[PDB]
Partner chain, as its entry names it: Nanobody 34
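Next up: just one chain, as structure tokens, the form solved without its partner chain.
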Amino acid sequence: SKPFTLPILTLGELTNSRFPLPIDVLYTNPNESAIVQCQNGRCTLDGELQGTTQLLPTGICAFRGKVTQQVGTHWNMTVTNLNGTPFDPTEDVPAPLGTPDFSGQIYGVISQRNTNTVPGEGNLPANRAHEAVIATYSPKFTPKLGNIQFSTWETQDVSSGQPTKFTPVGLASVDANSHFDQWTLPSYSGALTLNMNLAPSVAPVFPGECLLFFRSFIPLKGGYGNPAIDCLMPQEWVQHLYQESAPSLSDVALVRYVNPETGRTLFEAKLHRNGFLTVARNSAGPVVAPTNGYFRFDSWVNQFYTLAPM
């Protein structure tokens, strides 16, 4: 039986699995009323990706496809799998892997490199890129059906029928009107249709315990706010667990957040089979801990184990 391990990486060496951002802090929010059911950064401890999760850091909240027509200014674009193959709505996933998993106005850059080349230009293609926003709560956001819409400030310099890439950067806004809610899933097929093939919701099932998140702060195109995105495990853990494919020997692994300098355990946590952490903590907010710290697998325990309060 290949033993279970986590990579040895401080918070400053980890990245968020739900948006292309570094991890900034560990965070808890015991009194959260929302169901936590994100679809990116989902991976079982034995290395099975779930939801819309894929392995590339560059694939998180990215889209690939072709603009079909103009419809600020608005544009419709077909979306393929990120590897360029046609997305097959019959595959057992919620949406193309990499699709954003939260409601909001996602701000980024749309770029295009034409397929046709010009002989006068050494047989090279024309290009354009422009800022763009994708509203994931809109009824035109239907990645599961192979089509989404984005808007631009630019009014004309976007070409139909040409290869198109969305590179995410941040959020456009977090004002009331922008519907930013990190725990509200998009309707991947539109509002009249149920989401399918989701990774399951996660929650603590032990008194005194709460979810522990890896939190990143996300840039804003304008306006006021300090929005955050919380993931259940960083992208490097997803990648590592996928590589190792270690059998889970129980439903719950005991992990310790250790200070390598002093060799001391700062706190302990449960790492659950479906790929998320809980701690025994009675407050909300960031965890204040030495920047050299990281989680180390200790042993397999079970649902009856009582964590020492942080």
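Numbering follows the first chain given and starts at 1.
Below: the form deposited with its partner chain bound, not depicted.
Although the partner isn't part of this model, could you tell me whether residue 27 comes within 4.5 Å of its partner chain in the bound PDB entry, counting any heavy atom of the residue?
Contact check for residue 27: no, nothing within 4.5 Å of its partner chain in the bound PDB entry.
So in the bound PDB entry, does any heavy atom of residue 243 sit within 4.5 Å of its partner chain?
Yes, contact at 4.5 Å.
Is residue 93 a contact residue for its partner chain in the bound PDB entry, using a 4.5 Å heavy atom cut-off?
Taking the distances in the bound PDB entry, the answer for residue 93 is yes, it comes within 4.5 Å of its partner chain.
Find out whether any non-hydrogen atom of residue 194 is located within 4.5 angstroms of its partner chain in the bound PDB entry, and reply yes or no.
Residue 194: no, not in contact with its partner chain in the bound PDB entry.
Residues within 4.5 Å of its partner chain in the bound PDB entry, restricted to 196-228 and counted by heavy atom
Residues within 4.5 Å: none in this stretch.
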